[PDB]
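So this one's two forms of a single chain, laid out as structure tokens and tagged structure 1 and structure 2.
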Structure 1
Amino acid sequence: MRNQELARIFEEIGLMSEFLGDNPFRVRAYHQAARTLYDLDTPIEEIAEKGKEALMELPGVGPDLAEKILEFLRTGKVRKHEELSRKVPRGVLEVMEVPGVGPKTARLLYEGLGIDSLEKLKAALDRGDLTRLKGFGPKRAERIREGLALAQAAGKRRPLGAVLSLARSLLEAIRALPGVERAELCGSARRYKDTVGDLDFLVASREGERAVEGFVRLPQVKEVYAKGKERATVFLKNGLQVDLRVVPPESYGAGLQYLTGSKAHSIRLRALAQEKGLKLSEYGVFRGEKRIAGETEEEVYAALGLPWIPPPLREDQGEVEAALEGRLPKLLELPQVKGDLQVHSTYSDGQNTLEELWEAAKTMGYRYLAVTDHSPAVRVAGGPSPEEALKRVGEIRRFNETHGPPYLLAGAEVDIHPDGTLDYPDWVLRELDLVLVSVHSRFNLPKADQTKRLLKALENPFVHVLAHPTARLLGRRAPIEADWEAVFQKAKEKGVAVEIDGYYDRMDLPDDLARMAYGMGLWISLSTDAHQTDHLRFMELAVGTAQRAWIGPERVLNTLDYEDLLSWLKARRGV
């Protein structure tokens, strides 16, 4: 549908018209036309095909607006919008849309102060320039500052794990609204994409307009950006940008599919529907006018002749073909994970004692946890020395002797030197239960030198896992450049697993490289890189990444029980 695109065009025309001082009657009309298009559920094109008079049946649409709708549908543009855009720069439009600014203020700011961008606006805010204008006091100034921050965040993405728990807190409040029967966090978050834009929630309600009203008045809500009969966009006090859509309970499953996407996956499903005489919309699966499915997501897939497809697969990257042939991949599931294979302690830079790690693992129902403290070069420190590392192995063994399961694996995260040698000697490595190796320095070696360094590390016969291989930090450091085919092939041949480190700003291996590694036949190790017990919750992110990468429980170290894991670690591995 082009409804939302057209709603935006009319809204912008309204904003620009007011900036330019057009008739307030015309300004208000464009905003009413925008609301009508925003609220309209049926495709605008379907009413336009019925003619100009039918378009005029819509609330707010007169002869002028009807011709513009037809113009948009026939040409893809609206000349008036193009005309006003010539008079109103992109930066000034951005300024006027900041909550608390608006078009007439933006005009004064443009003419009088020279503000034609968010940049100048922020400069003016920060210096107190705006305080010398009428109608500007602390309440409005604060609204504008915050509005600017929300504007500047709108294109950007955050790590999934930075926002998932916050999104779930909002989900609890949405579910608790009287009138809401079911709700779910959808969009790219439900697909476990490692960075997310806005957050999208679907609600089932028989009273959708009233559900929207309850939603926008939740204690968590700071600013309402858009609101209508069945949808809203808000910003929370905590800064999260959130879209809500409401559907009737009979449509909930179709709404879940719609709001989860991806867009590419939904395109595939809509074609499959029409090819068998059905229509898939947000509201259901229909044969002619008859709704034949919609209440549950599995029912919707079934009506299209498909098994239910897990959200992390919904990227149009082979899952539709696999579903059509009744051969969806087996996927790793969170209950199959028997432990976390990279956690840190007070022996190095973790906050927790062995007792505290053990207690947390026991709560989680794990069989084991690998305590993998850093070698000295990781910490940019003097220790722990090789002698201390071995003393620690004995202490972890005594801890197991006195505690029992979940068993602690005595491990280390061993730095790879620039030349590919390792930061502990083999007499330490041979005694560790679990040897991880990783890059923590010289991130910008030429690709061929970084590759040689990693290959040399993988030659050491005591290594078990290549930890967080790219070393990326979301928002801070790009992945290292290396020939991952060469690295992964050597790891496979040597029997070294690659890690999916689900720590929220690592997410490393990323899904795409994990998909490559698993497809090449490697073993996989999941971890959270925990430095406090609250980080252990990130295992779900590592599992979601595995699902996106089509990874099953086969060749995942964490699905082995303790005895089988120790056997794997001690075995002659590789070719």
Structure 2
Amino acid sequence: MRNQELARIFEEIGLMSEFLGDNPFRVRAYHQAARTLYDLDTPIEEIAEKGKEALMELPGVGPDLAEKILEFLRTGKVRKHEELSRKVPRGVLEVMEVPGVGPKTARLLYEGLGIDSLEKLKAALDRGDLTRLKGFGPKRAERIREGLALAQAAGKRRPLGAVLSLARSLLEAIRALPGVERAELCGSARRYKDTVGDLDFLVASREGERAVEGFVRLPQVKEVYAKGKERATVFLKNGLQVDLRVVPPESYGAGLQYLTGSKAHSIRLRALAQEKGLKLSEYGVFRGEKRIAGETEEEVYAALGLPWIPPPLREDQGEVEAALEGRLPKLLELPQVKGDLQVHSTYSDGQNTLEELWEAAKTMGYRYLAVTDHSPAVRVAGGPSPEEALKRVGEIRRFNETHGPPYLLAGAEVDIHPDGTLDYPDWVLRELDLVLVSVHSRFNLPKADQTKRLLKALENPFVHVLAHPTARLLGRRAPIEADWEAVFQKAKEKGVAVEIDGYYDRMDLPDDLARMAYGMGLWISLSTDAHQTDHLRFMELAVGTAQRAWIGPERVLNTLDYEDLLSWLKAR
């Protein structure tokens, strides 16, 4: 991938232009193209390999954001970006990333106190300079200090799974606040986006001041950036930004739509409303002053001539077009999943025994659970050897016969060597119920080699699932360089399923690689990669990722019952 650089490059063209006072809509052309490319997990040049007049087609991208890309790879750099660089100091971009700052304030600060970096800004307030500026007051200076200090505690975006459980605690607390008729977790959290920038809570209330004052009073709250009658922005005792939005109960449905987004999806709907002479806000759909919809989401979407769109689809990735023409995808649902196909145990890196896993699986209402432990490669040991994997399969057999349902499947997560060979001999793989293969080494391999390595792993006829394929770690490590079309092509042809690993720091396949695979007709496997019984609660996230990728119950191994899973497995 190289989206991460080019996402920053347009983001910079937009910001430098925004500083120079450019056409705001041209500015927004870049900002959007920045957001979609960074969110794009399928490598861009793999899509750009066919660009040309078909680059005029991509997503949120037109002809002008193409000849610049024609230029980009032809010459390594876009003149527009370089032209803007000469007019706008590199450090002013950093200053206007500070929440509350923006173009006009960054410019005033530059021409006023010559501030052109965070380091300089930091010095300016500590010294107390901005409280002297002509127009920039002492109150407006405290505003900057807030935003400057509050940008730091909230470091990176956080994986959804890292904050999920906390989010539900806060939700249950907000539902118990006086004045709160009804509350819900919206924003990116509700769309199951693999990472979040904050947590966005909507509240139905008729005494909104009470609820906001009640919300900020929660013990996890550390600071308050902004606080009004209807909304508040706060940061927790751990850095995580949390926003509250209050709306009257009559507009609850329009409030859910508003706070759930995405921005881009929301803008499609409002733009649509304009075509039909209507207005869409948080308060409802309106024809003139007459509110035609608001109480619920269903009827709000109906007001725009649309069926209800599930939150995970709301990324303006074709869900609106598919809603107009009445062909929304049928989506997987959590109760349809009848087991977890990658959990670990005390046999290797897990914290749990078979009894502990079985008990956890039964409690959740699972039909089965695959106990897949690491191959020797994880440590490179010689005893634990391949010999005693048979006794492990034997021990799990007797466990099933004595306990009954749910059933433990004897599995294994087998390392893929740098050449594509597997960490376990074939006779060991032959007698395993579930065989997962995955990469835990040599990530910097060139695209072509990493493809060959993966392809040879798929030629092994005992392989059932290709586990967390990209090998990424959210915040720690990028995806491996690989031609994923060829890899999914091969896996399909060999009947191997691709894994959506719901473990909080993996979330791999990502939504849009998952949507690609499933679109090609591949089978899918869902797991949590659990090392403690807590982790089994991540199935929700793999499902949500499945949902984001327009994936239904068809060709998903977890929706099969115990018997049908074994058939599928026993028939290689």
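One-based numbering along structure 1's sequence throughout. Take the two forms, find the largest set of C-alpha atoms that superpose within 1.5 Å, and that set is the rigid core.
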From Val196, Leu150, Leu354, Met364, residue displaced between the two structures - CA threshold 2 Å or more, rigid core: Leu150
Large Cα shift (2 Å or above) at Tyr258 between the two structures, core-fitted: no
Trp308: Cα shift of 2 Å or greater between the two structures (core-aligned): no
Rigid core fit then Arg231 CA moved by 2 Å or more between the two structures: no
Rigid-core-superposed Cα shift at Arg291 between the two structures, Å: 1.1
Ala381 CA shift between the two structures in angstrom, with the core used for superposition: 3.3
Core-fitted comparison between the two structures - CA shift at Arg555, Å: 0.3
